[PDB]
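Chemist: Contents of model.pdb (PDB, C-alpha atoms and all ligand atoms) are given next:
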```pdb
ATOM      1  CA  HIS A   3    -102.899 155.261-139.277
ATOM      2  CA  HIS A   4    -103.949 158.509-140.903
ATOM      3  CA  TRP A   5    -102.986 162.016-139.942
ATOM      4  CA  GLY A   6    -104.646 163.873-137.138
ATOM      5  CA  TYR A   7    -103.900 165.873-134.029
ATOM      6  CA  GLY A   8    -103.050 163.108-131.468
ATOM      7  CA  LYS A   9     -99.682 162.063-129.957
ATOM      8  CA  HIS A  10     -99.166 159.372-132.561
ATOM      9  CA  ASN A  11    -100.465 161.062-135.690
ATOM     10  CA  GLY A  12    -100.171 164.793-134.894
ATOM     11  CA  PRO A  13     -98.204 167.719-136.391
ATOM     12  CA  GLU A  14     -94.798 166.327-135.331
ATOM     13  CA  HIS A  15     -95.456 163.173-137.433
ATOM     14  CA  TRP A  16     -96.862 164.768-140.607
ATOM     15  CA  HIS A  17     -93.476 165.174-142.262
ATOM     16  CA  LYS A  18     -93.123 161.427-142.813
ATOM     17  CA  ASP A  19     -96.031 161.296-145.296
ATOM     18  CA  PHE A  20     -95.776 164.926-146.305
ATOM     19  CA  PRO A  21     -92.082 165.931-146.384
ATOM     20  CA  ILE A  22     -93.073 169.516-147.373
ATOM     21  CA  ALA A  23     -93.996 169.863-143.637
ATOM     22  CA  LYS A  24     -90.367 170.994-143.144
ATOM     23  CA  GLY A  25     -90.478 173.278-146.236
ATOM     24  CA  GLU A  26     -89.474 176.871-146.795
ATOM     25  CA  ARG A  27     -92.893 178.537-146.596
ATOM     26  CA  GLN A  28     -94.912 176.579-144.034
ATOM     27  CA  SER A  29     -97.903 177.879-142.036
ATOM     28  CA  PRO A  30     -98.938 178.955-139.528
ATOM     29  CA  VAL A  31     -96.341 181.384-138.126
ATOM     30  CA  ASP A  32     -95.911 183.681-135.179
ATOM     31  CA  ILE A  33     -96.672 187.274-136.240
ATOM     32  CA  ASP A  34     -94.118 189.495-134.481
ATOM     33  CA  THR A  35     -95.938 192.828-134.531
ATOM     34  CA  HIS A  36     -92.845 194.879-134.005
ATOM     35  CA  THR A  37     -90.959 193.211-136.917
ATOM     36  CA  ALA A  38     -93.918 193.316-139.369
ATOM     37  CA  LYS A  39     -93.550 196.296-141.633
ATOM     38  CA  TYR A  40     -96.194 198.567-143.075
ATOM     39  CA  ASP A  41     -96.288 198.066-146.879
ATOM     40  CA  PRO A  42     -97.504 201.025-148.949
ATOM     41  CA  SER A  43     -97.551 198.851-152.125
ATOM     42  CA  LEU A  44    -100.590 196.903-150.770
ATOM     43  CA  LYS A  45    -103.837 197.878-152.575
ATOM     44  CA  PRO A  46    -107.140 198.121-150.631
ATOM     45  CA  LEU A  47    -108.590 194.697-149.579
ATOM     46  CA  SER A  48    -111.984 193.811-151.103
ATOM     47  CA  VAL A  49    -114.157 191.170-149.361
ATOM     48  CA  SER A  50    -117.292 190.800-151.550
ATOM     49  CA  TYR A  51    -119.560 188.240-149.939
ATOM     50  CA  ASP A  52    -123.046 189.666-150.741
ATOM     51  CA  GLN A  53    -123.880 186.911-153.283
ATOM     52  CA  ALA A  54    -122.377 184.000-151.361
ATOM     53  CA  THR A  55    -124.308 180.727-151.700
ATOM     54  CA  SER A  56    -123.645 178.238-148.882
ATOM     55  CA  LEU A  57    -124.593 174.623-149.533
ATOM     56  CA  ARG A  58    -123.642 172.150-146.842
ATOM     57  CA  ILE A  59    -121.809 171.719-143.546
ATOM     58  CA  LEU A  60    -119.538 168.631-143.188
ATOM     59  CA  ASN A  61    -117.627 167.068-140.279
ATOM     60  CA  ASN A  62    -114.523 165.714-142.093
ATOM     61  CA  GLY A  63    -112.910 164.228-138.957
ATOM     62  CA  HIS A  64    -110.528 167.217-138.531
ATOM     63  CA  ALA A  65    -112.882 170.171-138.379
ATOM     64  CA  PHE A  66    -116.255 171.170-139.818
ATOM     65  CA  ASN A  67    -116.380 172.715-143.274
ATOM     66  CA  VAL A  68    -119.122 175.115-144.476
ATOM     67  CA  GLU A  69    -119.029 174.710-148.230
ATOM     68  CA  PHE A  70    -120.121 177.244-150.878
ATOM     69  CA  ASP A  71    -121.155 177.138-154.537
ATOM     70  CA  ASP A  72    -117.990 178.337-156.340
ATOM     71  CA  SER A  73    -119.140 177.594-159.942
ATOM     72  CA  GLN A  74    -119.275 181.348-160.679
ATOM     73  CA  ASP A  75    -117.964 184.602-159.166
ATOM     74  CA  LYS A  76    -120.381 185.130-156.262
ATOM     75  CA  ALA A  77    -118.277 185.485-153.120
ATOM     76  CA  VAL A  78    -114.796 186.811-153.892
ATOM     77  CA  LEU A  79    -111.686 188.186-152.303
ATOM     78  CA  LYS A  80    -109.455 190.627-154.205
ATOM     79  CA  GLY A  81    -107.060 193.509-153.590
ATOM     80  CA  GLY A  82    -104.615 193.712-150.744
ATOM     81  CA  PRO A  83    -101.633 191.654-151.762
ATOM     82  CA  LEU A  84    -103.627 189.669-154.335
ATOM     83  CA  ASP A  85    -103.385 189.842-158.085
ATOM     84  CA  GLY A  86    -106.722 188.870-159.625
ATOM     85  CA  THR A  87    -109.867 187.267-158.244
ATOM     86  CA  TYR A  88    -110.141 184.567-155.591
ATOM     87  CA  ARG A  89    -113.409 182.656-155.108
ATOM     88  CA  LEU A  90    -114.700 181.558-151.707
ATOM     89  CA  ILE A  91    -114.927 177.727-151.618
ATOM     90  CA  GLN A  92    -115.332 176.953-147.922
ATOM     91  CA  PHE A  93    -114.646 178.015-144.369
ATOM     92  CA  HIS A  94    -113.685 176.107-141.224
ATOM     93  CA  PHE A  95    -112.224 176.745-137.797
ATOM     94  CA  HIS A  96    -109.418 175.577-135.555
ATOM     95  CA  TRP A  97    -110.006 175.634-131.789
ATOM     96  CA  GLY A  98    -108.775 174.564-128.398
ATOM     97  CA  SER A  99    -109.664 172.485-125.427
ATOM     98  CA  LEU A 100    -109.301 175.657-123.268
ATOM     99  CA  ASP A 101    -109.848 179.336-124.096
ATOM    100  CA  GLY A 102    -106.083 180.075-123.948
ATOM    101  CA  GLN A 103    -105.250 177.988-127.030
ATOM    102  CA  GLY A 104    -106.762 177.033-130.367
ATOM    103  CA  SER A 105    -105.438 179.491-132.952
ATOM    104  CA  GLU A 106    -102.812 178.468-135.467
ATOM    105  CA  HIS A 107    -101.291 181.885-136.090
ATOM    106  CA  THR A 108    -100.114 183.667-132.986
ATOM    107  CA  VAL A 109     -99.537 187.331-132.368
ATOM    108  CA  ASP A 110     -96.379 188.124-130.356
ATOM    109  CA  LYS A 111     -96.706 184.491-129.190
ATOM    110  CA  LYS A 112    -100.334 185.058-128.029
ATOM    111  CA  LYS A 113    -102.714 182.143-128.796
ATOM    112  CA  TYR A 114    -106.384 182.916-129.367
ATOM    113  CA  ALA A 115    -109.277 180.599-128.524
ATOM    114  CA  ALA A 116    -109.871 179.796-132.147
ATOM    115  CA  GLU A 117    -109.189 180.822-135.708
ATOM    116  CA  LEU A 118    -111.519 181.007-138.717
ATOM    117  CA  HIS A 119    -110.141 180.252-142.183
ATOM    118  CA  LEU A 120    -112.061 181.405-145.247
ATOM    119  CA  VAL A 121    -110.508 179.556-148.129
ATOM    120  CA  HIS A 122    -110.442 181.081-151.647
ATOM    121  CA  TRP A 123    -108.939 179.975-154.930
ATOM    122  CA  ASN A 124    -107.470 181.949-157.800
ATOM    123  CA  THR A 125    -109.879 181.783-160.710
ATOM    124  CA  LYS A 127    -107.056 182.019-163.248
ATOM    125  CA  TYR A 128    -106.380 178.300-162.516
ATOM    126  CA  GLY A 129    -109.939 177.217-163.329
ATOM    127  CA  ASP A 130    -110.559 174.798-160.443
ATOM    128  CA  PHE A 131    -109.486 174.322-156.828
ATOM    129  CA  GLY A 132    -107.472 171.204-157.534
ATOM    130  CA  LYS A 133    -105.386 173.035-160.134
ATOM    131  CA  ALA A 134    -105.054 176.084-157.903
ATOM    132  CA  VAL A 135    -103.456 174.173-155.012
ATOM    133  CA  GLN A 136    -100.618 173.196-157.336
ATOM    134  CA  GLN A 137     -99.629 176.847-157.806
ATOM    135  CA  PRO A 138     -97.635 179.157-155.496
ATOM    136  CA  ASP A 139    -100.376 181.823-155.769
ATOM    137  CA  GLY A 140    -103.318 179.404-156.052
ATOM    138  CA  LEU A 141    -105.097 180.142-152.750
ATOM    139  CA  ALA A 142    -105.840 183.099-150.442
ATOM    140  CA  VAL A 143    -106.877 182.226-146.933
ATOM    141  CA  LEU A 144    -108.450 184.946-144.838
ATOM    142  CA  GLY A 145    -107.684 184.158-141.187
ATOM    143  CA  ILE A 146    -109.704 185.689-138.335
ATOM    144  CA  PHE A 147    -108.967 185.194-134.673
ATOM    145  CA  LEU A 148    -111.696 184.353-132.147
ATOM    146  CA  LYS A 149    -111.599 185.440-128.524
ATOM    147  CA  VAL A 150    -114.115 184.520-125.824
ATOM    148  CA  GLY A 151    -116.371 187.290-124.575
ATOM    149  CA  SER A 152    -119.664 188.443-126.106
ATOM    150  CA  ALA A 153    -121.567 186.154-128.498
ATOM    151  CA  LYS A 154    -121.161 186.588-132.260
ATOM    152  CA  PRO A 155    -124.757 186.529-133.489
ATOM    153  CA  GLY A 156    -123.699 185.677-137.070
ATOM    154  CA  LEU A 157    -122.046 182.503-135.750
ATOM    155  CA  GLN A 158    -125.080 181.103-133.912
ATOM    156  CA  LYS A 159    -126.612 179.452-137.039
ATOM    157  CA  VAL A 160    -123.409 177.467-137.404
ATOM    158  CA  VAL A 161    -123.387 176.600-133.678
ATOM    159  CA  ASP A 162    -126.971 175.361-133.792
ATOM    160  CA  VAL A 163    -126.383 172.890-136.668
ATOM    161  CA  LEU A 164    -123.324 171.173-135.016
ATOM    162  CA  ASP A 165    -125.651 168.732-133.196
ATOM    163  CA  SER A 166    -126.555 167.243-136.639
ATOM    164  CA  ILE A 167    -122.929 166.619-137.608
ATOM    165  CA  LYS A 168    -121.360 165.345-134.421
ATOM    166  CA  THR A 169    -119.257 162.600-135.984
ATOM    167  CA  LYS A 170    -116.796 162.172-138.849
ATOM    168  CA  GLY A 171    -118.538 161.830-142.233
ATOM    169  CA  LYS A 172    -121.792 163.525-141.209
ATOM    170  CA  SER A 173    -123.115 166.416-143.325
ATOM    171  CA  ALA A 174    -126.234 168.688-143.161
ATOM    172  CA  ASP A 175    -127.838 171.072-145.603
ATOM    173  CA  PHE A 176    -126.606 174.584-144.824
ATOM    174  CA  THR A 177    -128.084 177.029-147.306
ATOM    175  CA  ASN A 178    -128.490 180.786-147.029
ATOM    176  CA  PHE A 179    -125.674 181.288-144.510
ATOM    177  CA  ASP A 180    -124.107 184.759-144.819
ATOM    178  CA  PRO A 181    -120.380 184.760-144.054
ATOM    179  CA  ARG A 182    -120.432 188.559-143.746
ATOM    180  CA  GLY A 183    -121.694 187.997-140.170
ATOM    181  CA  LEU A 184    -118.359 186.439-139.207
ATOM    182  CA  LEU A 185    -116.191 189.501-140.105
ATOM    183  CA  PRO A 186    -114.853 192.081-137.599
ATOM    184  CA  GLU A 187    -115.234 195.844-138.211
ATOM    185  CA  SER A 188    -111.667 196.435-139.348
ATOM    186  CA  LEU A 189    -109.992 194.816-142.353
ATOM    187  CA  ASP A 190    -106.478 195.816-141.110
ATOM    188  CA  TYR A 191    -104.299 192.723-141.772
ATOM    189  CA  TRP A 192    -100.920 191.063-141.921
ATOM    190  CA  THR A 193     -99.949 189.115-145.013
ATOM    191  CA  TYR A 194     -97.209 186.603-145.889
ATOM    192  CA  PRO A 195     -96.676 183.679-148.320
ATOM    193  CA  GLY A 196     -97.315 180.303-146.723
ATOM    194  CA  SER A 197     -99.006 176.943-146.885
ATOM    195  CA  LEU A 198    -102.059 174.897-146.033
ATOM    196  CA  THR A 199    -101.804 174.163-142.304
ATOM    197  CA  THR A 200    -103.198 170.626-142.784
ATOM    198  CA  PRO A 201    -101.922 167.823-145.000
ATOM    199  CA  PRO A 202    -101.167 168.039-147.884
ATOM    200  CA  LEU A 203     -99.369 171.162-146.531
ATOM    201  CA  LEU A 204     -99.017 172.559-150.029
ATOM    202  CA  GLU A 205     -97.117 175.845-150.366
ATOM    203  CA  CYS A 206     -99.892 177.523-152.341
ATOM    204  CA  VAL A 207    -101.377 180.147-149.959
ATOM    205  CA  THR A 208    -101.248 183.891-149.659
ATOM    206  CA  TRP A 209    -102.181 184.374-146.002
ATOM    207  CA  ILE A 210    -104.215 187.403-145.001
ATOM    208  CA  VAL A 211    -104.678 187.506-141.212
ATOM    209  CA  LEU A 212    -106.957 190.172-139.763
ATOM    210  CA  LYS A 213    -105.597 192.089-136.792
ATOM    211  CA  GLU A 214    -109.015 192.534-135.126
ATOM    212  CA  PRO A 215    -110.437 189.377-133.546
ATOM    213  CA  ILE A 216    -114.103 188.599-133.420
ATOM    214  CA  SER A 217    -115.655 187.823-130.047
ATOM    215  CA  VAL A 218    -117.665 184.653-129.505
ATOM    216  CA  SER A 219    -119.329 183.457-126.317
ATOM    217  CA  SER A 220    -118.145 180.735-123.985
ATOM    218  CA  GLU A 221    -121.348 178.853-124.874
ATOM    219  CA  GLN A 222    -120.582 179.115-128.597
ATOM    220  CA  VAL A 223    -117.038 177.704-128.307
ATOM    221  CA  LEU A 224    -118.237 175.026-125.848
ATOM    222  CA  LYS A 225    -120.496 173.732-128.629
ATOM    223  CA  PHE A 226    -117.494 173.501-131.006
ATOM    224  CA  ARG A 227    -115.845 171.344-128.332
ATOM    225  CA  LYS A 228    -118.771 168.846-128.340
ATOM    226  CA  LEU A 229    -117.956 167.712-131.871
ATOM    227  CA  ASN A 230    -116.239 164.408-132.401
ATOM    228  CA  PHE A 231    -113.109 163.417-134.381
ATOM    229  CA  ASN A 232    -114.375 159.775-134.463
ATOM    230  CA  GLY A 233    -117.112 158.288-136.632
ATOM    231  CA  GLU A 234    -120.630 157.276-135.461
ATOM    232  CA  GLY A 235    -120.629 154.303-133.087
ATOM    233  CA  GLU A 236    -116.870 154.621-132.384
ATOM    234  CA  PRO A 237    -115.260 155.547-129.038
ATOM    235  CA  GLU A 238    -115.750 159.243-128.382
ATOM    236  CA  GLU A 239    -112.770 161.505-129.035
ATOM    237  CA  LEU A 240    -113.703 165.136-128.586
ATOM    238  CA  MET A 241    -112.785 167.399-131.518
ATOM    239  CA  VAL A 242    -110.533 169.842-129.651
ATOM    240  CA  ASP A 243    -107.013 171.174-130.267
ATOM    241  CA  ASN A 244    -107.190 170.735-134.029
ATOM    242  CA  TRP A 245    -104.487 173.366-134.614
ATOM    243  CA  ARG A 246    -100.946 173.188-136.012
ATOM    244  CA  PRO A 247     -98.411 175.183-134.009
ATOM    245  CA  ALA A 248     -96.268 177.989-135.401
ATOM    246  CA  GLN A 249     -93.615 176.950-137.941
ATOM    247  CA  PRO A 250     -90.263 178.563-138.796
ATOM    248  CA  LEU A 251     -90.571 181.880-140.631
ATOM    249  CA  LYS A 252     -87.372 181.174-142.643
ATOM    250  CA  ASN A 253     -86.818 183.578-145.548
ATOM    251  CA  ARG A 254     -90.056 185.558-145.179
ATOM    252  CA  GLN A 255     -91.268 189.026-144.234
ATOM    253  CA  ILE A 256     -94.700 189.638-142.770
ATOM    254  CA  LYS A 257     -96.208 192.840-144.160
ATOM    255  CA  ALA A 258     -98.814 195.015-142.432
ATOM    256  CA  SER A 259    -101.654 196.854-144.223
ATOM    257  CA  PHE A 260    -101.709 199.493-141.521
ATOM    258  CA  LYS A 261     -99.454 201.928-139.645
TER     259      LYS A 261
HETATM  260  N1  LIG B   1    -106.188 175.128-142.457
HETATM  261  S1  LIG B   1    -106.088 175.113-144.100
HETATM  262  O1  LIG B   1    -107.140 175.937-144.629
HETATM  263  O2  LIG B   1    -104.763 175.494-144.488
HETATM  264  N2  LIG B   1    -106.306 173.609-144.740
HETATM  265  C1  LIG B   1    -107.564 172.977-144.558
HETATM  266  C2  LIG B   1    -108.130 172.374-145.825
HETATM  267  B1  LIG B   1    -109.528 171.410-145.757
HETATM  268  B2  LIG B   1    -109.284 170.191-147.049
HETATM  269  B3  LIG B   1    -109.184 171.064-148.599
HETATM  270  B4  LIG B   1    -110.317 171.629-147.333
HETATM  271  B5  LIG B   1    -109.364 172.811-148.268
HETATM  272  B6  LIG B   1    -107.745 172.116-148.554
HETATM  273  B7  LIG B   1    -107.687 170.490-147.816
HETATM  274  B8  LIG B   1    -107.913 170.709-146.054
HETATM  275  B9  LIG B   1    -106.956 171.871-146.981
HETATM  276  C3  LIG B   1    -108.039 173.179-147.256
HETATM  277  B10 LIG B   1    -109.569 173.021-146.509
HETATM  278 ZN    ZN B   2    -107.527 175.983-141.481
END
```
Take the structure in the file and give it back as C-alpha cells.

Modeler:
Amino acid sequence: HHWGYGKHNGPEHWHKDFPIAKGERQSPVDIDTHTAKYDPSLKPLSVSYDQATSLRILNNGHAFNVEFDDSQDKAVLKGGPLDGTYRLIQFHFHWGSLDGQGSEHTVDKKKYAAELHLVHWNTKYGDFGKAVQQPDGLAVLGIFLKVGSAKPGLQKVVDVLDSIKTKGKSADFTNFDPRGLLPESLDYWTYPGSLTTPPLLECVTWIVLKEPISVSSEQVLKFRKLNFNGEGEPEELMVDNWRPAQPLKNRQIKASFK
C-alpha cells in the first residue's frame, strides 16, 4: 500500500507515513496576488541552462522525470531569493484529467492544466541526498501550463512518452534543451516550502513564474495516456497527480515585480 494519488493512498493519507505533511512550511500553496508583496531585496534571477546535459526519461509511477547530468556546474539557477548556486537535477510535471485542473500551486484559487517543476540542489551540500536534509537545500522553479497553442520545445518530450508508458520504464533522452520550456518573462513569486510529494521534506525555496507557457490540447492529451501501473497490470491512467494547496501558516509570498 504505497503512496499515490488515489482515494486510498492519496494526499489526505500521506501524513500517516510522513507526519511532516501537516508541517509548518508545506507546498504547494495558493498564491494570493493581492497579498503577495513586491520585495526590493530580491536580486535578479539567473537561469543558465545553455550547457544542460539531459540523460534519460523515466516513468516512476507518479510522473515522468527527465534527468540531467549534475556532476558539474552545467545547468544552474542562481539569484532571485537564492544564496549561492543550485544545479539542475531533473524536471517533471503535474497534470489533470481535464484542462481546468492539474497544477499544484494556484493563483487566486485558479488551477492551471499542469505545472512544470525544474528541481535544483544547492551545491554547498555536495549531493542531492544531503541537500534535501537542509532548509535551503533545493530550489524548484515552477511554471504553469495552460492549453492553447503548442509549445514546440515540449514536443520532443511528448513524442518519447510512448516508450515509457508504464511504471519503471525509462528511455535515453539526450540533448534535450530545457530552455525551450521557459516563458518570456522571469517575473516570479517566491516562498519557503516543501517537496509536494513524499517525503514532503521542508527543504525547498519555491520560485513560481507568473507567466504560464501554452501547450496544445494534443500535447497534454499525450501526458494523459501515461500509466501509473506497471507493464501487464490493469491500466490506471496517469492523471491528477497533483497535491492540493496546503495552509500558508507563518509565511509571506514575495513578488519579484510591481
Ligand atoms: N513535486 S516535487 O518536485 O516537490 N517532488 C518530486 C520529487 B521526485 B523524487 B526526488 B524526484 B526529486 B525528490 B523525490 B520526488 B521528490 C523530488 B523529484
Ligand atoms: Zn513536482

Chemist: As a ChimeraX atom specification, please: the residues near residue A:99 (cut-off 7 Å, all atoms listed in the file, same-chain neighbours under 6 positions excluded).

Modeler: /A:227,242-243

Chemist: Check what the PyMOL selection byres (((chain A and resi 194-205) around 8) and not hetatm) selects in the file above and give those residues as a compact mmCIF listing (two decimals) with C-alpha atoms, in the frame of the given file.

Modeler:
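File written: out-v3.txt
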```
# COMPACT_ATOMS: atom_id res chain seq x y z
CA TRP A 5 -102.99 162.02 -139.94
CA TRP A 16 -96.86 164.77 -140.61
CA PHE A 20 -95.78 164.93 -146.30
CA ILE A 22 -93.07 169.52 -147.37
CA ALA A 23 -94.00 169.86 -143.64
CA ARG A 27 -92.89 178.54 -146.60
CA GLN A 28 -94.91 176.58 -144.03
CA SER A 29 -97.90 177.88 -142.04
CA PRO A 30 -98.94 178.96 -139.53
CA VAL A 135 -103.46 174.17 -155.01
CA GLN A 136 -100.62 173.20 -157.34
CA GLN A 137 -99.63 176.85 -157.81
CA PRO A 138 -97.64 179.16 -155.50
CA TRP A 192 -100.92 191.06 -141.92
CA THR A 193 -99.95 189.12 -145.01
CA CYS A 206 -99.89 177.52 -152.34
CA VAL A 207 -101.38 180.15 -149.96
CA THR A 208 -101.25 183.89 -149.66
CA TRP A 209 -102.18 184.37 -146.00
CA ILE A 210 -104.22 187.40 -145.00
CA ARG A 246 -100.95 173.19 -136.01
CA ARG A 254 -90.06 185.56 -145.18
CA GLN A 255 -91.27 189.03 -144.23
CA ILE A 256 -94.70 189.64 -142.77
CA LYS A 257 -96.21 192.84 -144.16
```

Chemist: Counting all atoms listed in the file, which of A:139, A:234, A:130, A:85 gets nearest to residue A:45?

Modeler: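 Residue with the minimum atom-to-atom distance to residue A:45: A:85.
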
Chemist: So which one's closest to residue A:78, A:103, A:249, A:48, A:220? Using only C-alpha atoms, please.

Modeler: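 Closest candidate: A:48.
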
Chemist: Once the PyMOL selection byres (((chain A and resi 215) around 8) and not hetatm) has been evaluated on this model, what residues remain selected, and can you format them as a PyMOL selection string?

Modeler: chain A and resi 146-149+186+212-214+216-217

Chemist: Which of these, A:75, A:239, A:69, A:106, has the shortest distance to residue A:91 once you count all atoms listed in the file?

Modeler: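 Ranked by minimum distance to residue A:91, first place goes to A:69.
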
Chemist: Need the shell around residue A:46: protein/DNA/RNA residues with any atom at most 9 Å away, counting all atoms listed in the file. Skip same-chain ones fewer than 6 positions apart. Format as a PyMOL selection string?

Modeler: chain A and resi 80-83+259

Chemist: I'd like the contact shell of residue A:113 - 7 Å cut-off, all atoms listed in the file, skipping same-chain residues fewer than 3 positions apart - returned as an mmCIF file with C-alpha atoms, in the frame of the given file.

Modeler:
```
data_model
loop_
_atom_site.group_PDB
_atom_site.id
_atom_site.type_symbol
_atom_site.label_atom_id
_atom_site.label_comp_id
_atom_site.auth_asym_id
_atom_site.auth_seq_id
_atom_site.Cartn_x
_atom_site.Cartn_y
_atom_site.Cartn_z
ATOM 1 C CA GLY A 102 -106.083 180.075 -123.948
ATOM 2 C CA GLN A 103 -105.250 177.988 -127.030
ATOM 3 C CA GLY A 104 -106.762 177.033 -130.367
ATOM 4 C CA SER A 105 -105.438 179.491 -132.952
ATOM 5 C CA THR A 108 -100.114 183.667 -132.986
#
```

Chemist: Please identify all polymer residues within 7 Å of residue A:71, counting only C-alpha atoms, omitting same-chain residues fewer than 3 positions from it, and present them as a ChimeraX atom specification.

Modeler: /A:55-57,91

Chemist: Next, write the just-selected residues to a file, as a JSON list (two decimals), keeping the file's coordinate frame, keeping C-alpha atoms as the atom set.

Modeler:
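selection.json, written as the output of this step:
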```json
[["chain", "number", "residue", "atom", "x", "y", "z"],
["A", 55, "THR", "CA", -124.31, 180.73, -151.70],
["A", 56, "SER", "CA", -123.64, 178.24, -148.88],
["A", 57, "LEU", "CA", -124.59, 174.62, -149.53],
["A", 91, "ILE", "CA", -114.93, 177.73, -151.62]]
```

Chemist: Can you measure atom CA of residue A:52 to atom CA of residue A:74 for me? One decimal in Å is fine.

Modeler: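 Interatomic distance here is 13.5 Å.
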
Chemist: Can you give me, as a count of residues only, the residues this file yields under the PyMOL selection byres (((chain A and resi 61-66) around 9) and not hetatm)?

Modeler: 25

Chemist: May I have the residues at most 8 Å from (-90.8, 189.2, -138.5) in the file's coordinates, counting only C-alpha atoms, as a VMD selection string?

Modeler: chain A and resid 33 to 38 251 254 to 256

Chemist: Can you sort out stretch 176-198 of chain A so it carries N, CA and C atoms, written as a short mmCIF file (atom, residue, chain, number, x, y, z; two decimals), in the frame of the given file?

Modeler:
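part_24.cif, freshly written:
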```cif
data_model
loop_
_atom_site.label_atom_id
_atom_site.label_comp_id
_atom_site.auth_asym_id
_atom_site.auth_seq_id
_atom_site.Cartn_x
_atom_site.Cartn_y
_atom_site.Cartn_z
N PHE A 176 -127.00 173.33 -145.49
CA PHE A 176 -126.61 174.58 -144.82
C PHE A 176 -126.63 175.69 -145.88
N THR A 177 -127.85 176.00 -146.31
CA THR A 177 -128.08 177.03 -147.31
C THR A 177 -128.33 178.37 -146.64
N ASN A 178 -128.14 179.42 -147.43
CA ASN A 178 -128.49 180.79 -147.03
C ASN A 178 -127.73 181.28 -145.79
N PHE A 179 -126.53 180.76 -145.58
CA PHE A 179 -125.67 181.29 -144.51
C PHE A 179 -124.81 182.42 -145.07
N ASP A 180 -124.81 183.55 -144.38
CA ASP A 180 -124.11 184.76 -144.82
C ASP A 180 -122.78 184.95 -144.09
N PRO A 181 -121.66 184.72 -144.80
CA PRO A 181 -120.38 184.76 -144.05
C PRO A 181 -119.98 186.17 -143.65
N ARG A 182 -120.67 187.17 -144.19
CA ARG A 182 -120.43 188.56 -143.75
C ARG A 182 -120.58 188.74 -142.24
N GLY A 183 -121.46 187.96 -141.62
CA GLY A 183 -121.69 188.00 -140.17
C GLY A 183 -120.57 187.42 -139.33
N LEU A 184 -119.51 186.95 -139.96
CA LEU A 184 -118.36 186.44 -139.21
C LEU A 184 -117.17 187.42 -139.22
N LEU A 185 -117.30 188.53 -139.93
CA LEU A 185 -116.19 189.50 -140.10
C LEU A 185 -116.16 190.58 -139.00
N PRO A 186 -114.96 190.92 -138.52
CA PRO A 186 -114.85 192.08 -137.60
C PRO A 186 -115.04 193.41 -138.34
N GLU A 187 -115.08 194.52 -137.60
CA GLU A 187 -115.23 195.84 -138.21
C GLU A 187 -114.09 196.22 -139.11
N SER A 188 -112.87 196.01 -138.62
CA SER A 188 -111.67 196.44 -139.35
C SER A 188 -111.16 195.33 -140.25
N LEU A 189 -110.72 195.72 -141.44
CA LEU A 189 -109.99 194.82 -142.35
C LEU A 189 -108.46 195.03 -142.31
N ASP A 190 -107.93 195.73 -141.31
CA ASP A 190 -106.48 195.82 -141.11
C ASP A 190 -105.95 194.36 -141.02
N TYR A 191 -104.82 194.10 -141.67
CA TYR A 191 -104.30 192.72 -141.77
C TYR A 191 -102.78 192.69 -141.87
N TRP A 192 -102.27 191.48 -141.60
CA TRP A 192 -100.92 191.06 -141.92
C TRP A 192 -100.99 190.06 -143.06
N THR A 193 -99.98 190.07 -143.90
CA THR A 193 -99.95 189.12 -145.01
C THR A 193 -98.53 188.53 -145.19
N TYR A 194 -98.47 187.27 -145.63
CA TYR A 194 -97.21 186.60 -145.89
C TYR A 194 -97.52 185.38 -146.77
N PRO A 195 -96.52 184.87 -147.51
CA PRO A 195 -96.68 183.68 -148.32
C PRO A 195 -96.48 182.46 -147.45
N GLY A 196 -97.40 181.50 -147.54
CA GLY A 196 -97.32 180.30 -146.72
C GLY A 196 -97.96 179.09 -147.35
N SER A 197 -98.55 178.27 -146.50
CA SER A 197 -99.01 176.94 -146.88
C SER A 197 -100.36 176.61 -146.27
N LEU A 198 -100.96 175.54 -146.72
CA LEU A 198 -102.06 174.90 -146.03
C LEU A 198 -101.46 174.46 -144.69
#
```
